[PDB]
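Report on one structure; see the data block that follows.
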Amino acid sequence: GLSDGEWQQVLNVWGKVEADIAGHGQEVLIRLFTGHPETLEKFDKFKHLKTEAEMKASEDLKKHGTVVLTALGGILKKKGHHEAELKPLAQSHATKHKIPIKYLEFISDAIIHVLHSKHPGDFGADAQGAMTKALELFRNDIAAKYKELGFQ
Ligand code: HEM
């Protein structure tokens, strides 16, 4: 649960992402894959990537970063009223992709890391707090759907 002022911060931060969605999306995925190499194994289309240089050169990885962040941005713009948008993603990630909730924690922390890395000194303490709360809400509502499905 976020206040109006917290949502305002989230959507202000998101404007930084929307100025370069592919560059942010690329770096988020690279931070996830290099920090948590077990996550790469969930992607049949990226498992061939052995080095970070290959990851950086992959145009398909940048494409998938755009898909991921476009979906998250659509959810965030709903300011918590995201049941219809979140349900298919929870279902696909539990039943088809088999993504444990732990990996959604990993990607949430990776988003925070990338924002500080690309905007050092321009991602303030209030903005980090609000973004963290929004990603927690997203993860918590997915977790409720995972429990319904019995997925671990
Ligand atoms: C911010 C969190 C994330 C969002 C919004 C997101 C969004 C999406 C979207 C929109 C798709 C395509 C449609 C679909 O299959 O439902 C997708 C595919 C996928 N997601 Fe996620 N995702 C997230 C996190 C993750 C994480 C943490 C993993 C794995 C560690 C992952 C693994 C996948 C895989 C394996 C695919 C299929 C890729 C392919 O072969 O085309 N997702 N995701």
Side-chain angles (χ1 to χ4, degrees), residues 2 6-7 9-52 54-119 123 127-152:
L2 281 72
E6 289 172 326
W7 282 119
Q9 288 291 294
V10 172
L11 294 179
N12 187 74
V13 169
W14 197 253
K16 298 174 156 24
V17 178
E18 295 202 324
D20 180 15
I21 198 135
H24 285 83
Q26 186 191 41
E27 295 191 29
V28 167
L29 292 179
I30 292 178
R31 173 71 180 182
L32 179 71
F33 292 161
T34 59
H36 309 277
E38 73 272 32
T39 61
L40 190 61
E41 295 306 316
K42 293 289 182 177
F43 291 88
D44 283 316
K45 67 177 183 187
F46 298 134
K47 70 222 185 200
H48 72 282
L49 293 168
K50 297 274 91 205
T51 69
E52 180 174 335
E54 299 184 307
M55 287 182 201
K56 212 86 100 203
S58 172
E59 300 295 336
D60 199 53
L61 187 157
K62 177 198 289 203
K63 179 179 183 174
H64 195 68
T66 300
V67 169
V68 172
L69 292 192
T70 295
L72 180 59
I75 289 169
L76 291 176
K77 289 171 191 228
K78 297 295 275 255
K79 304 194 308 176
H81 299 83
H82 53 223
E83 172 65 22
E85 292 78 15
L86 191 142
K87 184 179 190 183
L89 292 183
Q91 299 200 303
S92 73
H93 286 63
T95 68
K96 183 164 206 313
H97 309 316
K98 309 198 180 82
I99 301 312
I101 199 78
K102 188 83 195 175
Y103 297 178
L104 292 172
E105 179 194 347
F106 292 162
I107 205 176
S108 294
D109 286 337
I111 288 166
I112 297 300
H113 190 273
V114 167
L115 288 169
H116 278 301
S117 178
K118 294 183 73 59
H119 313 277
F123 184 37
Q128 181 176 337
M131 187 65 45
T132 297
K133 276 178 66 161
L135 295 171
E136 283 167 350
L137 174 61
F138 166 78
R139 195 152 77 243
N140 193 64
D141 282 354
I142 294 177
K145 301 310 163 343
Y146 275 28
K147 174 173 190 266
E148 181 175 319
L149 301 170
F151 178 64
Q152 294 285 351

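Ligands are counted one by one from 1 in listed order, and the atoms in each one are counted from 1 as well. One is the number of the first residue; the rest follow in order along the sequence.
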> Which residue supplies the protein heavy atom nearest to atom 31 (C) of ligand 1, what is that atom called, and how far is it?
Replying inline: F43 CZ, 3.7 Å
> Near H64, which atoms of ligand 1 are under 4.0 Å from a heavy atom of that residue?
Replying inline: 17 (C), 18 (C), 19 (C), 38 (C)
> Tally of protein N/O/S atoms under 2.8 Å from atom 21 (Fe) of ligand 1?
Replying inline: 1
> With sequence neighbours left out, what residues match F138 under ring-ring contact (aromatic ring centres under 6.0 Å, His included)?
Replying inline: none
> For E136, what residues pass the salt bridge (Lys or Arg N to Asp or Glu O under 4.0 Å) criterion, not counting sequence neighbours?
Replying inline: none
>> I need the nearest protein heavy-atom contact for atom 41 (O) of ligand 1: residue, atom name and distance, please.
In response: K45 NZ, 3.1 Å
> Going by heavy atoms in the side chains, are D141 and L137 under 4.5 Å from each other?
Replying inline: yes
> Quick one: does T132's side chain get under 4.5 Å of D109's, heavy atoms only?
Replying inline: no
>> For a quick check under 3.5 Å, do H48 and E54 share a side-chain donor-acceptor pair by atom type?
In response: no
>> Show the atoms of ligand 1 that are less than 4.0 angstrom away from any heavy atom in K42.
In response: 35 (C)
>> As a check for students: among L135, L40, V67, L76, identify the option with a heavy atom nearest to atom 11 (C) of ligand 1.
In response: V67
> Non-hydrogen atoms of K96 versus ligand 1: any pair closer than 4.0 Å?
Replying inline: no
>> Tell me which one of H24, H113, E27 satisfies side-chain hydrogen bond (donor to acceptor under 3.5 Å, both in side chains) with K118.
In response: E27
>> Suppose we measure from atom 27 (C) of ligand 1 to each protein heavy atom; which comes out shortest, and what is that distance?
In response: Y103 O, 3.5 Å
>> Counting C-beta onward and ignoring hydrogens, is there a side-chain heavy-atom pair between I111 and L72 closer than 4.5 Å?
In response: yes
> Hey, does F33 have a side-chain heavy atom less than 4.5 Å from the side chain of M55?
Replying inline: yes
> Does atom 13 (C) of ligand 1 have any protein heavy atom closer than 4.0 Å?
Replying inline: no
>> List the residues meeting ring-ring contact (aromatic ring centres under 6.0 Å, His included) with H97, not counting sequence neighbours, and say none if there are none.
In response: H93
> Looking at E38 and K102, does any basic side-chain N land under 4.0 Å from a carboxylate oxygen?
Replying inline: no
> Which atoms of ligand 1 have any heavy atom of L104 under 4.0 Å away?
Replying inline: 24 (C)
